[PDB]
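Take a look at the structure tokens below, where one protein chain is shown in two forms, each on its own, as structure 1 and structure 2.
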Structure 1
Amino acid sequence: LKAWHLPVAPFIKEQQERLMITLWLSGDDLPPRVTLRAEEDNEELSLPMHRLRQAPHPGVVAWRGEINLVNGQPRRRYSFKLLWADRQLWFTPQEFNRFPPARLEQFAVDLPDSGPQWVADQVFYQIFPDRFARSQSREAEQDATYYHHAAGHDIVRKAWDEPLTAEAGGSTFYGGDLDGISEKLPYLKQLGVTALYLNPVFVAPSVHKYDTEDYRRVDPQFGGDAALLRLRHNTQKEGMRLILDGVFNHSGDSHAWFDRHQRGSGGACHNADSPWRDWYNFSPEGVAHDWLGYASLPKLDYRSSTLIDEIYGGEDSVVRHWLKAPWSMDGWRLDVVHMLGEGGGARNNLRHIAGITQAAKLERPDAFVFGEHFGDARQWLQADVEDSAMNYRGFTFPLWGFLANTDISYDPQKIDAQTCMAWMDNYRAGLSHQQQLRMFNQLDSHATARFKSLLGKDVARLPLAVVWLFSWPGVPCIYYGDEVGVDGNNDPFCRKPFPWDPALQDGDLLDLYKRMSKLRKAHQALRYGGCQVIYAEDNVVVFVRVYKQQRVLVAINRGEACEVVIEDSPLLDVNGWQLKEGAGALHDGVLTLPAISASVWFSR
């Protein structure tokens, strides 16, 4: 028995107040009855399906039923209950199940969809501002050294060509700034970038600036408020989106609310009468607690109602401040989204993350709010407390395992294509189709080793991850310099200054990024399409994006040259295929795949 269904046209279609659901079956012992098991206000419904007279494809039988859209919540969950005289079988995002699937692992479609629909149309680029580009006209005022109290020494200035070292990793400045990003927008635009995610830019003593000192003012070293306001103008003018790093789990210990180094008068660290005393945790004798290992990053206590108001509760809150005029940013990347909470830990985390996302959409209804999840984000996404997550668990780490033999802990990993796709497909199963389309996918970040370094001897697999990055469901994010071949180990060495000298750039890898963003811009199924893994064994993964009549076929081979027979899939029943990238060859259901390759085909 075989079955096909994707939560997307041609398999679903909205018409009047109805959502039409089609299932495809094929086999010798087809079920005489199929029931669409859908959910309406969390109640399980048995919706009858009827057999369509016309075969959608040779030897395939189509069933159709419908979900009433006038009732129920927007997230339409369903699966298929295949019924014979004596038995049943479930068809799910994870193929066949012999017992009922988990409610939160069904197919799901958001109708109506209230999420940020612009996200799926984007190509993202992550910039660590100190290390991206120095503006042509920066004051040496922005080059001045000061004493970094939390570190115990003066900050260090380095020149763009000086080697990055482990010493003073948080206090070494190469001087990149926001005007530098503005001036490099034409580079970013010819890369295909339509959206920027910036690491923190607010006033802070370290170079990374997660040690926030002032949530209301841009750090002068980056050019201050005027330079970010210009970056807002320039990106708007170029139709680009701009997301800022939201660091709300914790402040820096130089913030005026805490003020450990007593720059001012009212800080909570050394004053029991401080207005912000209840925004931080203290020992019974009144000594401020460290957060994890960090004196520099005291944790904010969302037990306090006034803290709740300051961050997201009130109209004057930090979360809404940067979303209205004049800043009008497009949303927030939430740092440490999973640990924010009350009493020094993640207590009531889900309530506060929801409160933040809600406050964002009050100020700006199409605001994009997504959180950094090294871990399993499914509970957050399944309760809709945020729009998306940095998809380390659903995308990054499966590719670390399959291509680079490592994982989140940099432990040995040995997983073949079957395991890799069961992993990636199991993660998506917890997400609606509209959620899958906006998952924030990347290969590395400011908080990981460079993916190119993680490949080691297998660095020739890097072009595979690039193609995969642009073709797996979700919005892709390029970590700055990845595209020109920047490498390095984990923090601090993953934050090398961008090599603007072309002699220091992998020009071929950069072109591959350019072509892939063009393909994604060009073809709807790479932005809106369902996704069916078709073959996943040993070294070879083959999947197809599916949107209406269009198909995009992707074949990734991490190992030696081989041939892979694709059994006649009704998803691949098209007029013909046009190869768009890679040197693979499809002919008569046989994929001839060269060693260590990734190929993309468009249906013609």
Structure 2
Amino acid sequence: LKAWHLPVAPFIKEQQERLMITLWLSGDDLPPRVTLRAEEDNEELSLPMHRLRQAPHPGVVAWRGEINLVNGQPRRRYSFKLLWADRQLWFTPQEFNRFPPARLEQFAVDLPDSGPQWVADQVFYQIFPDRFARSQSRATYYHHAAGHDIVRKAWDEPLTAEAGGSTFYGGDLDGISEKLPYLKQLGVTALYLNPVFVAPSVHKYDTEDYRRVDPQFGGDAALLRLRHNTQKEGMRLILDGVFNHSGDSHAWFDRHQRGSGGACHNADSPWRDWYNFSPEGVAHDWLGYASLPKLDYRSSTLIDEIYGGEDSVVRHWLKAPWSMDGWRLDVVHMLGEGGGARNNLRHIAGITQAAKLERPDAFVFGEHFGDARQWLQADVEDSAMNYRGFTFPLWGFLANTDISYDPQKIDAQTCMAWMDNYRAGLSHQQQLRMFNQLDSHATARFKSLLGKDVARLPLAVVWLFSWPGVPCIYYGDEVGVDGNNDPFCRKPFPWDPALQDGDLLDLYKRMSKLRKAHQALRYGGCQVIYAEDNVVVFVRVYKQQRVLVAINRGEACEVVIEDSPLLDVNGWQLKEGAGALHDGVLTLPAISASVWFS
């Protein structure tokens, strides 16, 4: 017995106020009855399915059911219950289940979809502003929390482990504006910036002013110019939102007493209850870093300040003149009340809600190195940096390592089971906007982690653009900068072409062009078709189009592909890689990734 279904056309269709669901079956002992188990207002329905007269493909029987859309919540959960005279079987996103699947791991489709529908059409690019580009028409000071002065470096000076948070290479926002032709050439349609608000450090998560741009990055006018320039090029712009904590130099806290009335040294401070202090007066902070005092969201006036009121921080940067396209939420998982994560989901949902109030298509997504499913399944944020669902599976399959840099020996079965299990908890519209990356400012460069297996790096690039979700390039990855974690993952961008991997850059260019050309790589479902040892083969499915991806991490080999109704096409046109498909046989060169259209 075999089955096929994906939460997208050709399997689902919306007519009037109904959602038609179609299931494909093949085998010698097919069920005479099939139930479409759909959920309406958390009540499980037993919707009868009927056999379609026309076979969609040779040897395949089609069953069809309807979901009434006039009632119930937008997220449409459903699964298939195959019925024999003496037994039953479930078909789910994770194949066949002999016992009922988790309610939150069925197929799911958001109708109507109130999410930011533009995210799926994007190719993101993360910029650590100080290390990207100095402007054409471009000063030390004492970093109190660091204990020494900041140090200015020449753009070609090697990056040392000393004074990591106080070393500035001078990149600014106008330098980003001046390099927009490069980014547009690469295929980038959206930018995510690390913190750019007034802050003493170089990374600037130690926020000192949530209402002004740091002058070193060019100040308010540089960001307003970048917003106008990105709008002209039709490019989206996301700012880094640091709301779990402030900087200890912020006026609300002011450990260094740069003014008066700060909560650190004044018990009668107006913001004394915006932080959590010991009976002896030491402030709670983020993971022991005294420069990042944790904000206490039990305060109803802090809530009003951050997202509650019309004049709040979250909404301030989403309206004119700023009109940013949303927030990337830093430490989204620990934000809460009383020095910890109490009521975390309630405040994250309130942050997102305030964002959509000012900007209905605002995009709010948080940094989750862990399991983000409880946040996403409660709709407290639009998406999440998909470390559990994409990044760390690739770190293990390709780089033999994980989040803690512990050894990892996983094959294709474990990797796709890992990857398919995570998606199973998400609706299709959620999967299409999951924020996928290979590395960031908070990790070692993925090129470094590959070690002796750098040759696999193109495979992860092809994978980054073909797995469900939106791709994000960490600045410099496309030209091949490497290095270990903070501070060495933030090298200055090598603008000298002799210091650039031009072949890696062209691969990034081709993949974004393929994603822009084919709807399946932006809206299509995803069926893993082969996952054994060194080889992974999946297909994207949208309407009548298909995109086949075949990734081989090891030596050259052949893989026979069983006949599948998903793969019944006029023919395949190789668009990328050196693979070859003929009569269901996959000839894959060593360390290869290949893509097919039609």
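Take the two forms, find the largest set of C-alpha atoms that superpose within 1.5 Å, and that set is the rigid core. Please note that residue numbering is based on structure 1, beginning with 1 at the start of its sequence. Shifts are known only where both forms have a C-alpha.
Asks: Considering only 288, 240, 422, 164, which residue exhibits a C-alpha shift of no less than 2 Å between structures 1 and 2, with the rigid core used for superposition?
Replies: With the rigid core superposed, the residue that stands out is 288.
Asks: By how many angstrom is the Cα of residue 210 displaced between structures 1 and 2 when the rigid core is overlaid?
Replies: In the core superposition between structures 1 and 2, the C-alpha of residue 210 moves 0.2 Å.
Asks: Note down every stretch of 3+ consecutive residues with C-alpha shifts of 2 Å or more between structures 1 and 2, superposition done on the rigid core, in sequence order.
Replies: Shifted segment: only 285-292.
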